[PDB]
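Asker: Quick one: the structure is below, and I'll ask about it shortly.
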Amino acid sequence: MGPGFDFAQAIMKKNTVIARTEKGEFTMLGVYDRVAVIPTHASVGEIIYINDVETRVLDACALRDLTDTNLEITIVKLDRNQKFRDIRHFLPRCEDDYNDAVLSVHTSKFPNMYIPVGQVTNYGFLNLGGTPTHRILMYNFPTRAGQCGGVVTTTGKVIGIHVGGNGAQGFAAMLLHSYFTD
């Protein structure tokens, strides 16, 4: 409908796949080469389905900060025959607050879904499903089961992936440029 939705659509149309694990179907953001991200609660194993194709997992790393606290981001390298468009230049370098974000989801359940979530707070610490978690972004939208892995964007920046909610607020794990240096 406007420039926020434009940037979000551009990311969804080229940099997402549908990932299926034993724990469900997730929006999965491809960042560069064969490297993607997914919430750690997806429990990625040795094999994952990518757009309903059986795919070997070459590497999976559940990120933690240097306090050894959960960040809820798993970086996956996929044995796929095709590279993602490199979007690392759209990743923030530092922790920050944002105005006017969009949460975008693409699964069998919720195809072509875009949600204007408004102001995004650098929330920091969250007890996420009983797990102490750092680098959490918060938005005041009643997000639902099926939106985990959703991409959070502003115009020109990919800032996070949706990892949970409490019925009134939604929570995303930050993406930082420093996670994807190679």
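Numbering starts at 1 and runs along the chain as displayed.
The way this entry was determined, per its header, is X-ray crystallography, 1.4 Å.
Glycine too: its Cβ is placed from the backbone N, Cα and C atoms.
Per Swiss-Prot, the features are:
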type	residues	note
DOMAIN	2-180	domain 'Peptidase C3'
ACT_SITE	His41	active site, for protease 3C activity
ACT_SITE	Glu72	active site, for protease 3C activity
ACT_SITE	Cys148	active site, for protease 3C activity
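Situate these features within the shown structure.
Answerer: In sequence order, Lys23, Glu72, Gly129, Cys148, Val163 are the residues near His41 (active site, for protease 3C activity), counting only same-chain partners six or more apart with C-beta under 8 A.
Note on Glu72 (active site, for protease 3C activity): other Cβ atoms within 10 Å of its Cβ, all shown chains, come to 27. Under DSSP, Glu72 (active site, for protease 3C activity) is assigned to a strand (E or B) in the three-state scheme.
Annotation note: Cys148 (active site, for protease 3C activity) sits in a coil segment as assigned by DSSP.
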